[PDB]
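Asks: Provided below: upload03.csv, containing CSV, C-alpha atoms and all ligand atoms.
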chain,number,residue,atom,x,y,z
V,1,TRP,CA,-9.3,-34.3,19.1
V,2,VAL,CA,-7.8,-36.7,21.8
V,3,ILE,CA,-8.4,-38.0,25.3
V,4,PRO,CA,-5.9,-35.8,27.3
E,1,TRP,CA,13.6,-27.7,21.3
E,2,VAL,CA,13.3,-29.2,17.8
E,3,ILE,CA,14.1,-28.5,14.1
E,4,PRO,CA,10.6,-27.5,12.9
G,1,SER,CA,16.9,-21.9,10.1
G,2,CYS,CA,14.9,-21.3,13.4
G,3,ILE,CA,14.7,-23.8,16.3
G,4,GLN,CA,11.3,-24.4,17.9
G,5,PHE,CA,10.2,-24.9,21.5
G,6,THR,CA,7.4,-27.5,21.3
G,7,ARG,CA,5.6,-26.5,24.5
G,8,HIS,CA,5.7,-22.7,24.0
G,9,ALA,CA,2.1,-22.3,22.5
G,10,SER,CA,0.6,-24.5,25.3
G,11,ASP,CA,2.6,-22.6,28.0
G,12,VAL,CA,1.4,-19.2,26.6
G,13,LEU,CA,-2.3,-20.4,26.6
G,14,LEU,CA,-1.9,-21.7,30.2
G,15,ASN,CA,-0.5,-18.3,31.3
G,16,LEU,CA,-3.3,-16.4,29.5
G,17,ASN,CA,-5.8,-18.7,31.4
G,18,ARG,CA,-4.1,-17.9,34.7
G,19,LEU,CA,-4.5,-14.1,33.8
G,20,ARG,CA,-8.2,-14.8,33.1
G,21,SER,CA,-8.8,-16.7,36.4
G,22,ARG,CA,-7.2,-13.8,38.3
G,23,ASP,CA,-9.1,-11.2,36.2
G,24,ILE,CA,-5.7,-9.6,35.0
G,25,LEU,CA,-5.8,-7.3,31.9
G,26,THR,CA,-9.3,-8.6,31.0
G,27,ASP,CA,-10.8,-5.8,28.8
G,28,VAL,CA,-14.3,-7.1,27.9
G,29,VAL,CA,-17.5,-8.5,29.6
G,30,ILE,CA,-19.5,-10.9,27.5
G,31,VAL,CA,-23.2,-10.8,28.7
G,32,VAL,CA,-25.2,-14.0,28.1
G,33,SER,CA,-28.7,-13.7,29.5
G,34,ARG,CA,-28.3,-12.8,33.2
G,35,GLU,CA,-24.6,-14.1,33.2
G,36,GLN,CA,-21.4,-12.1,32.8
G,37,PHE,CA,-18.0,-13.5,31.5
G,38,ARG,CA,-14.8,-11.5,31.7
G,39,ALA,CA,-12.2,-12.1,29.0
G,40,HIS,CA,-9.4,-10.8,26.8
G,41,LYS,CA,-10.6,-9.5,23.4
G,42,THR,CA,-7.4,-10.9,21.7
G,43,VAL,CA,-8.1,-14.5,22.9
G,44,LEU,CA,-11.8,-14.3,22.0
G,45,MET,CA,-10.7,-13.1,18.4
G,46,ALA,CA,-8.1,-15.8,18.1
G,47,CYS,CA,-10.7,-18.5,18.9
G,48,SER,CA,-13.9,-17.2,17.3
G,49,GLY,CA,-14.9,-15.9,13.9
G,50,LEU,CA,-17.8,-14.0,15.6
G,51,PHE,CA,-15.4,-12.1,18.0
G,52,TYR,CA,-12.8,-11.7,15.3
G,53,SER,CA,-15.5,-9.8,13.2
G,54,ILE,CA,-16.8,-7.8,16.3
G,55,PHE,CA,-13.4,-6.6,17.6
G,56,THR,CA,-12.1,-5.7,14.0
G,57,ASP,CA,-15.1,-3.3,13.7
G,58,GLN,CA,-13.9,0.3,14.1
G,59,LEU,CA,-16.8,1.0,16.5
G,60,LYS,CA,-17.3,-2.3,18.3
G,61,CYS,CA,-13.5,-2.7,18.9
G,62,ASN,CA,-13.9,0.0,21.7
G,63,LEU,CA,-16.8,-1.5,23.6
G,64,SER,CA,-16.2,-2.9,27.1
G,65,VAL,CA,-19.5,-4.8,27.1
G,66,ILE,CA,-20.8,-7.2,24.4
G,67,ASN,CA,-24.3,-8.7,24.6
G,68,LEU,CA,-24.9,-12.0,22.9
G,69,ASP,CA,-28.1,-13.1,21.2
G,70,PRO,CA,-30.8,-14.1,23.9
G,71,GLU,CA,-31.0,-17.6,22.5
G,72,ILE,CA,-27.4,-18.3,23.6
G,73,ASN,CA,-27.3,-20.5,26.7
G,74,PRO,CA,-24.8,-19.3,29.5
G,75,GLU,CA,-23.6,-22.9,30.2
G,76,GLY,CA,-22.8,-23.5,26.5
G,77,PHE,CA,-20.9,-20.2,26.4
G,78,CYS,CA,-19.0,-21.0,29.7
G,79,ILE,CA,-17.9,-24.4,28.2
G,80,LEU,CA,-16.7,-22.7,25.0
G,81,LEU,CA,-14.9,-19.9,26.9
G,82,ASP,CA,-13.1,-22.6,29.0
G,83,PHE,CA,-12.1,-24.4,25.7
G,84,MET,CA,-10.7,-21.1,24.2
G,85,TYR,CA,-8.3,-20.7,27.2
G,86,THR,CA,-7.4,-24.4,27.7
G,87,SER,CA,-8.0,-26.5,24.4
G,88,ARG,CA,-10.2,-28.7,26.6
G,89,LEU,CA,-13.9,-29.2,25.7
G,90,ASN,CA,-16.3,-30.5,28.4
G,91,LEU,CA,-18.7,-32.2,25.9
G,92,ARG,CA,-21.5,-34.2,27.6
G,93,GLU,CA,-24.8,-35.8,26.5
G,94,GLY,CA,-26.7,-33.2,28.4
G,95,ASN,CA,-24.9,-30.2,27.0
G,96,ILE,CA,-23.8,-31.2,23.4
G,97,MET,CA,-26.9,-29.5,21.7
G,98,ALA,CA,-26.2,-26.2,23.5
G,99,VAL,CA,-22.5,-26.4,22.9
G,100,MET,CA,-22.9,-27.1,19.1
G,101,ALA,CA,-25.5,-24.2,18.8
G,102,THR,CA,-23.2,-21.8,20.7
G,103,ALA,CA,-20.1,-22.9,18.6
G,104,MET,CA,-22.0,-22.3,15.4
G,105,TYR,CA,-23.0,-18.8,16.6
G,106,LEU,CA,-19.4,-18.1,17.8
G,107,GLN,CA,-18.0,-19.5,14.5
G,108,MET,CA,-15.7,-22.1,16.1
G,109,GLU,CA,-15.5,-24.5,13.2
G,110,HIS,CA,-13.4,-27.3,14.9
G,111,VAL,CA,-15.9,-27.5,17.9
G,112,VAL,CA,-18.8,-27.6,15.5
G,113,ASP,CA,-17.1,-30.5,13.6
G,114,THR,CA,-16.6,-32.6,16.8
G,115,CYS,CA,-20.2,-31.9,18.0
G,116,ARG,CA,-21.6,-33.1,14.6
G,117,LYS,CA,-19.3,-36.3,14.8
G,118,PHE,CA,-20.4,-37.1,18.5
G,119,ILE,CA,-24.1,-36.5,17.6
G,120,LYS,CA,-23.9,-38.7,14.5
G,121,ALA,CA,-22.3,-41.6,16.6
G,122,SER,CA,-25.4,-41.6,19.0
T,1,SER,CA,-13.9,-36.1,31.2
T,2,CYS,CA,-13.0,-33.3,28.6
T,3,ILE,CA,-11.7,-34.0,25.0
T,4,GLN,CA,-8.8,-32.0,23.7
T,5,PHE,CA,-8.0,-30.3,20.4
T,6,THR,CA,-4.2,-30.9,19.9
T,7,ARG,CA,-3.6,-27.9,17.5
T,8,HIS,CA,-5.7,-25.3,19.5
T,9,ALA,CA,-2.8,-23.6,21.4
T,10,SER,CA,-0.7,-23.3,18.2
T,11,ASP,CA,-3.7,-22.0,16.2
T,12,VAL,CA,-4.4,-19.4,19.0
T,13,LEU,CA,-0.7,-18.2,18.9
T,14,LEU,CA,-0.8,-18.1,15.1
T,15,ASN,CA,-3.9,-15.8,15.2
T,16,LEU,CA,-2.3,-13.6,17.9
T,17,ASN,CA,0.7,-13.2,15.6
T,18,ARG,CA,-1.6,-12.3,12.7
T,19,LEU,CA,-3.2,-9.6,14.9
T,20,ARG,CA,0.4,-8.3,15.8
T,21,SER,CA,1.5,-8.2,12.1
T,22,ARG,CA,-1.7,-6.2,11.3
T,23,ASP,CA,-1.3,-4.0,14.5
T,24,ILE,CA,-4.8,-5.1,15.7
T,25,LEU,CA,-5.6,-4.5,19.5
T,26,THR,CA,-1.8,-3.9,20.3
T,27,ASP,CA,-1.9,-1.9,23.5
T,28,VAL,CA,1.8,-1.2,24.3
T,29,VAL,CA,5.0,0.1,22.5
T,30,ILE,CA,8.3,-1.4,23.8
T,31,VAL,CA,11.2,1.1,23.2
T,32,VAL,CA,14.6,-0.4,22.7
T,33,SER,CA,17.2,2.3,22.0
T,34,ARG,CA,15.9,4.2,18.9
T,35,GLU,CA,13.6,1.2,17.9
T,36,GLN,CA,9.9,0.7,18.7
T,37,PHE,CA,8.0,-2.6,18.9
T,38,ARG,CA,4.2,-2.8,19.1
T,39,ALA,CA,2.7,-5.7,21.1
T,40,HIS,CA,-0.1,-7.2,23.2
T,41,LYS,CA,0.6,-6.8,27.0
T,42,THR,CA,-1.0,-10.2,27.7
T,43,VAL,CA,1.3,-12.0,25.2
T,44,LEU,CA,4.4,-10.3,26.7
T,45,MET,CA,3.3,-11.3,30.2
T,46,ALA,CA,2.6,-14.9,29.2
T,47,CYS,CA,6.2,-15.2,27.8
T,48,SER,CA,8.3,-13.0,30.1
T,49,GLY,CA,8.9,-12.9,33.8
T,50,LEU,CA,9.9,-9.2,33.4
T,51,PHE,CA,6.7,-8.2,31.5
T,52,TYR,CA,4.6,-10.3,33.9
T,53,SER,CA,6.1,-8.2,36.8
T,54,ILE,CA,5.7,-4.8,34.9
T,55,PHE,CA,2.1,-5.3,33.8
T,56,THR,CA,0.8,-6.7,37.2
T,57,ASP,CA,2.1,-3.5,38.8
T,58,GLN,CA,-0.9,-1.2,39.7
T,59,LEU,CA,0.9,1.8,38.1
T,60,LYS,CA,2.8,0.3,35.2
T,61,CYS,CA,-0.2,-1.8,34.0
T,62,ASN,CA,-1.7,1.5,32.6
T,63,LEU,CA,1.4,2.6,30.6
T,64,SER,CA,1.2,2.6,26.8
T,65,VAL,CA,5.0,3.0,26.5
T,66,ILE,CA,7.7,0.8,28.2
T,67,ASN,CA,11.4,1.8,27.8
T,68,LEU,CA,13.9,-1.1,28.2
T,69,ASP,CA,17.4,-0.8,29.7
T,70,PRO,CA,19.8,1.0,27.2
T,71,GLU,CA,22.1,-2.1,27.2
T,72,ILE,CA,19.4,-4.1,25.5
T,73,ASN,CA,20.1,-4.7,21.8
T,74,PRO,CA,17.0,-4.0,19.4
T,75,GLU,CA,17.8,-7.1,17.2
T,76,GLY,CA,18.0,-9.4,20.3
T,77,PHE,CA,14.6,-8.0,21.4
T,78,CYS,CA,13.1,-8.4,17.9
T,79,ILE,CA,14.2,-12.1,17.7
T,80,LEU,CA,12.7,-12.7,21.2
T,81,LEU,CA,9.4,-10.9,20.3
T,82,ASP,CA,9.1,-13.1,17.2
T,83,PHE,CA,9.7,-16.2,19.4
T,84,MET,CA,7.0,-15.1,21.8
T,85,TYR,CA,4.4,-15.0,19.0
T,86,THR,CA,5.6,-18.0,17.0
T,87,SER,CA,7.6,-20.5,19.3
T,88,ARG,CA,10.4,-20.1,16.7
T,89,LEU,CA,13.8,-18.8,17.8
T,90,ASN,CA,16.2,-17.4,15.1
T,91,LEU,CA,19.4,-18.4,17.0
T,92,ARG,CA,22.6,-17.7,15.0
T,93,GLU,CA,26.4,-17.5,15.8
T,94,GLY,CA,26.3,-13.7,15.3
T,95,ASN,CA,23.3,-13.1,17.6
T,96,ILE,CA,23.4,-15.8,20.3
T,97,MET,CA,25.2,-13.5,22.9
T,98,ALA,CA,22.7,-10.6,22.4
T,99,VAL,CA,19.7,-13.1,22.4
T,100,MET,CA,20.9,-14.8,25.7
T,101,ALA,CA,21.5,-11.4,27.4
T,102,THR,CA,18.1,-10.1,26.3
T,103,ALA,CA,16.4,-13.4,27.4
T,104,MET,CA,18.1,-13.2,30.8
T,105,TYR,CA,16.8,-9.6,31.2
T,106,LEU,CA,13.3,-10.5,30.0
T,107,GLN,CA,13.3,-13.6,32.3
T,108,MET,CA,12.6,-16.2,29.5
T,109,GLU,CA,14.1,-19.2,31.2
T,110,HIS,CA,13.7,-21.8,28.3
T,111,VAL,CA,15.4,-19.4,25.8
T,112,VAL,CA,18.3,-18.8,28.4
T,113,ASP,CA,18.6,-22.7,28.7
T,114,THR,CA,19.0,-23.3,25.0
T,115,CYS,CA,21.4,-20.4,24.5
T,116,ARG,CA,23.6,-21.8,27.4
T,117,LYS,CA,23.5,-25.2,25.7
T,118,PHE,CA,24.4,-23.9,22.2
T,119,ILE,CA,27.3,-21.8,23.6
T,120,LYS,CA,28.6,-24.8,25.6
T,121,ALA,CA,28.7,-26.9,22.4
T,122,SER,CA,30.9,-24.4,20.6
B,1,LIG,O1,-13.4,-21.3,13.5
B,1,LIG,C1,-12.9,-20.2,13.5
B,1,LIG,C2,-11.8,-19.7,14.5
B,1,LIG,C3,-11.5,-18.4,14.0
B,1,LIG,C4,-10.6,-17.4,14.5
B,1,LIG,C5,-10.5,-16.2,13.7
B,1,LIG,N1,-9.5,-15.2,14.1
B,1,LIG,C6,-8.5,-14.7,13.3
B,1,LIG,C7,-8.3,-15.1,12.0
B,1,LIG,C8,-7.3,-14.5,11.3
B,1,LIG,CL1,-7.1,-15.0,9.7
B,1,LIG,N2,-6.4,-13.6,11.8
B,1,LIG,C9,-6.5,-13.2,13.1
B,1,LIG,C10,-7.5,-13.8,13.9
B,1,LIG,CL2,-7.6,-13.3,15.5
B,1,LIG,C11,-11.3,-15.9,12.6
B,1,LIG,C12,-12.2,-16.9,12.1
B,1,LIG,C13,-12.3,-18.1,12.9
B,1,LIG,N3,-13.1,-19.2,12.6
B,2,LIG,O1,10.6,-17.8,31.9
B,2,LIG,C1,9.5,-17.3,32.2
B,2,LIG,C2,8.3,-17.1,31.4
B,2,LIG,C3,7.3,-16.5,32.4
B,2,LIG,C4,6.0,-16.1,32.2
B,2,LIG,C5,5.3,-15.5,33.3
B,2,LIG,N1,3.9,-15.2,33.2
B,2,LIG,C6,2.9,-15.7,34.0
B,2,LIG,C7,3.1,-16.6,35.1
B,2,LIG,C8,2.0,-17.0,35.8
B,2,LIG,CL1,2.3,-18.1,37.1
B,2,LIG,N2,0.7,-16.6,35.6
B,2,LIG,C9,0.5,-15.7,34.6
B,2,LIG,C10,1.5,-15.3,33.8
B,2,LIG,CL2,1.2,-14.3,32.5
B,2,LIG,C11,6.0,-15.3,34.6
B,2,LIG,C12,7.3,-15.7,34.7
B,2,LIG,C13,8.0,-16.3,33.6
B,2,LIG,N3,9.3,-16.8,33.5
B,3,CL,CL,-12.7,-24.2,17.2
B,4,CL,CL,11.1,-19.0,27.3
Represent the structure contained in this file as structure tokens.
Replies:
Amino acid sequence: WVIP
Amino acid sequence: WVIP
Amino acid sequence: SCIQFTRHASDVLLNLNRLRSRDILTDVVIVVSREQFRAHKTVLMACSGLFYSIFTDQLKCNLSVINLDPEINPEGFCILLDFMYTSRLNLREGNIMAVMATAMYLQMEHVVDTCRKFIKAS
Amino acid sequence: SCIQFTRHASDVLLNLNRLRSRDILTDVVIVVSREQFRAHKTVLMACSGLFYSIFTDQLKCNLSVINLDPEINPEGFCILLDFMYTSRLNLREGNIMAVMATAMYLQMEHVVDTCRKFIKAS
């Protein structure tokens, strides 16, 4: 999971 | 396009 | 010896989401309490262990309406349906419990994992 | 303020390809000369300007069989259908001309672009  |  | 187009999967999902927003080729309504959500059975199956099981069933595969368990919160479902079609999860303090419970019911293991991580941190 | 799961789109496409290999929820047969290819209309639309146009048509959207132009080569189509469901293109010296012609007909602009680049290099 990432910060888009 | 890439070499997978 | 194939070549690969890096953005292909993302572009496919983006177009499937555009078809969903315009209600094109949607073939099922998911009922969550008083709320109705139109979707593509194949996308639901590709994202959820629960929908995978439902739509591979020789009788349920032909249903145009699926009613979820009355404990399922419509907002939690909506957030998860958006994630299915975009890869983006609107996880907030006020919705995390309903999102985790809905993801556990829908069998969306990666969403369950991030919810457990975010809850543990707080 | 969403979070994003990097592998989600790829995982969705992988599961859609698994449904295709097992002939699950396929809703159309594409006929190319004597050859038949089963697929999901939504995936075809998401990948091809031609299928997008066909399945948004109020009459054609309901057809279970679509016959392609007799000039279309079944192998070129097969390579492109595999690319639609995997992001991988089996581009070879012996098939590049048939793949480019089929991609131009199907309106798959990124495949057309790489074919033009590979031809120019040789
Ligand atoms: O967390 C999850 C997400 C998920 C998706 C699917 N859907 C498929 C799985 C296979 Cl192997 N082939 C085809 C499909 Cl559509 C099943 C279980 C789960 N669990
Ligand atoms: O090279 C290409 C690939 C492609 C895909 C689609 N399919 C869509 C486009 C839009 Cl805007 N919304 C929804 C869909 Cl399914 C149309 C044209 C082209 N050209
Ligand atoms: Cl997931
Ligand atoms: Cl393309």
Asks: Given only C-alpha atoms as the basis, pick out the residue of G:24, G:97, G:86, G:74 nearest to chain V.
Replies: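 Under the stated criterion, the closest residue is G:86.
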Asks: At a cut-off of 6 Å, can you tabulate as CSV every residue of chain G near ligand CL 3 (chain B) together with its closest atom pair and the distance in Å to one decimal, using all atoms listed in the file and ordering rows by chain then number?
Replies:
residue,atom,partner,partner_atom,distance
G:108,CA,B:CL3,CL,3.8
G:109,CA,B:CL3,CL,4.9
G:110,CA,B:CL3,CL,3.9
G:111,CA,B:CL3,CL,4.6
Asks: For a quick test of understanding: name the residues of chain T lying within 10 Å of chain G when counting only C-alpha atoms, and present them as a PDB file with C-alpha atoms, keeping the file's coordinate frame.
Replies:
ATOM      1  CA  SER T   1     -13.900 -36.100  31.200  1.00  0.00           C
ATOM      2  CA  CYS T   2     -13.000 -33.300  28.600  1.00  0.00           C
ATOM      3  CA  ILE T   3     -11.700 -34.000  25.000  1.00  0.00           C
ATOM      4  CA  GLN T   4      -8.800 -32.000  23.700  1.00  0.00           C
ATOM      5  CA  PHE T   5      -8.000 -30.300  20.400  1.00  0.00           C
ATOM      6  CA  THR T   6      -4.200 -30.900  19.900  1.00  0.00           C
ATOM      7  CA  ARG T   7      -3.600 -27.900  17.500  1.00  0.00           C
ATOM      8  CA  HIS T   8      -5.700 -25.300  19.500  1.00  0.00           C
ATOM      9  CA  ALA T   9      -2.800 -23.600  21.400  1.00  0.00           C
ATOM     10  CA  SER T  10      -0.700 -23.300  18.200  1.00  0.00           C
ATOM     11  CA  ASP T  11      -3.700 -22.000  16.200  1.00  0.00           C
ATOM     12  CA  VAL T  12      -4.400 -19.400  19.000  1.00  0.00           C
ATOM     13  CA  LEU T  13      -0.700 -18.200  18.900  1.00  0.00           C
ATOM     14  CA  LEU T  14      -0.800 -18.100  15.100  1.00  0.00           C
ATOM     15  CA  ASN T  15      -3.900 -15.800  15.200  1.00  0.00           C
ATOM     16  CA  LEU T  16      -2.300 -13.600  17.900  1.00  0.00           C
ATOM     17  CA  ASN T  17       0.700 -13.200  15.600  1.00  0.00           C
ATOM     18  CA  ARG T  18      -1.600 -12.300  12.700  1.00  0.00           C
ATOM     19  CA  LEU T  19      -3.200  -9.600  14.900  1.00  0.00           C
ATOM     20  CA  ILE T  24      -4.800  -5.100  15.700  1.00  0.00           C
ATOM     21  CA  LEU T  25      -5.600  -4.500  19.500  1.00  0.00           C
ATOM     22  CA  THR T  26      -1.800  -3.900  20.300  1.00  0.00           C
ATOM     23  CA  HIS T  40      -0.100  -7.200  23.200  1.00  0.00           C
ATOM     24  CA  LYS T  41       0.600  -6.800  27.000  1.00  0.00           C
ATOM     25  CA  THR T  42      -1.000 -10.200  27.700  1.00  0.00           C
ATOM     26  CA  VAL T  43       1.300 -12.000  25.200  1.00  0.00           C
ATOM     27  CA  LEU T  44       4.400 -10.300  26.700  1.00  0.00           C
ATOM     28  CA  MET T  45       3.300 -11.300  30.200  1.00  0.00           C
ATOM     29  CA  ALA T  46       2.600 -14.900  29.200  1.00  0.00           C
ATOM     30  CA  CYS T  47       6.200 -15.200  27.800  1.00  0.00           C
ATOM     31  CA  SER T  48       8.300 -13.000  30.100  1.00  0.00           C
ATOM     32  CA  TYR T  52       4.600 -10.300  33.900  1.00  0.00           C
ATOM     33  CA  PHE T  55       2.100  -5.300  33.800  1.00  0.00           C
ATOM     34  CA  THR T  56       0.800  -6.700  37.200  1.00  0.00           C
ATOM     35  CA  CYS T  61      -0.200  -1.800  34.000  1.00  0.00           C
ATOM     36  CA  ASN T  62      -1.700   1.500  32.600  1.00  0.00           C
ATOM     37  CA  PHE T  83       9.700 -16.200  19.400  1.00  0.00           C
ATOM     38  CA  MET T  84       7.000 -15.100  21.800  1.00  0.00           C
ATOM     39  CA  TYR T  85       4.400 -15.000  19.000  1.00  0.00           C
ATOM     40  CA  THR T  86       5.600 -18.000  17.000  1.00  0.00           C
ATOM     41  CA  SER T  87       7.600 -20.500  19.300  1.00  0.00           C
ATOM     42  CA  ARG T  88      10.400 -20.100  16.700  1.00  0.00           C
ATOM     43  CA  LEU T  89      13.800 -18.800  17.800  1.00  0.00           C
ATOM     44  CA  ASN T  90      16.200 -17.400  15.100  1.00  0.00           C
ATOM     45  CA  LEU T  91      19.400 -18.400  17.000  1.00  0.00           C
ATOM     46  CA  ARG T  92      22.600 -17.700  15.000  1.00  0.00           C
ATOM     47  CA  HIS T 110      13.700 -21.800  28.300  1.00  0.00           C
ATOM     48  CA  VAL T 111      15.400 -19.400  25.800  1.00  0.00           C
ATOM     49  CA  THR T 114      19.000 -23.300  25.000  1.00  0.00           C
TER      50      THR T 114
END
Asks: Which distance in Å separates atom CA of residue T:115 and atom CA of residue E:1, to one decimal?
Replies: 11.2 Å
Asks: Could you work out how far atom CA of residue G:116 lies from atom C1 of ligand LIG 1 (chain B), giving the answer in Å with one decimal?
Replies: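 Straight-line distance from atom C1 of ligand LIG 1 (chain B) to atom CA of residue G:116 works out to 15.6 Å.
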Asks: So which residues touch residue G:36 within 10 Å, counting all atoms listed in the file, skipping near sequence neighbours fewer than 3 positions away, as a PyMOL selection string?
Replies: chain G and resi 28-33+39+65-67+74+78
Asks: List the neighbours of residue G:113 out to 12 Å using all atoms listed in the file; skip same-chain residues closer than 4 positions along the sequence, and give me the result as an MDAnalysis selection string.
Replies: (chainID V and resid 1) or (chainID G and resid 96 99:101 103:104 107:109 117:120) or (chainID T and resid 5)
Asks: Counting only C-alpha atoms and all ligand atoms, which residue out of T:54, T:121, T:63, T:80 sits closest to ligand CL 4 (chain B)?
Replies: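 Checking each of T:54, T:121, T:63, T:80 against ligand CL 4 (chain B), counting only C-alpha atoms and all ligand atoms, the winner is T:80.
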Asks: I'd like the interatomic distance between atom CA of residue G:22 and atom CA of residue G:71, to a tenth of an Å.
Replies: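 Separating atom CA of residue G:22 from atom CA of residue G:71 is a distance of 28.8 Å.
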